[PDB]
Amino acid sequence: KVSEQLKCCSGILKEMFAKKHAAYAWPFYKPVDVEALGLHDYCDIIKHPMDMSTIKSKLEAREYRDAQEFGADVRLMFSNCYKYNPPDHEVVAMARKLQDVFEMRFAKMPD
């Protein structure tokens, strides 16, 4: 049986995948497709790639000890996007909208 916090994490993630936020979430649904996009330097600048599908597998497979480890992976996904891409890029604008959704739910998660 998993903590009440880890259960709320599953609902936060689900909200991130909801149609409501799809217009900015969709680039984060799966691993960055480095071959298709032609990003030869990605795995050299980003040592720990992360996306919402990897986080969902890790969550459900009970690989997070707690909500804080779940949040560190969501934030690593955003950090990677902010590290790799120019500050004024649209994909960064999209990351920032999805991050706002996440930050707001993560903070309102009961103790």
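One rule holds for the numbers: they count along the sequence shown, beginning at 1. Rigid core: the largest C-alpha set superposing within 1.5 Å between the two forms.
Root-mean-square C-alpha deviation from the shown form, taken over all structures in 7 other deposited structures of this protein superposed by the rigid core, is larger for 31 to 39 than for the alternative among 31 to 39 and 70 to 78. As the entry records it, the average C-alpha temperature factor is higher for 55 to 63, out of 55 to 63 and 77 to 85. In the PDB entry, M109 places in the highest third of its chain by CA B-factor.
Placement of the Cα temperature factor of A95 within the chain: lowest third of the modelled residues, per the deposited record.
Ranked within its chain, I46 lands in the middle third, by CA B factor from the PDB record.
Ranked within its chain, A22 lands in the highest third, by CA B factor from the PDB record.
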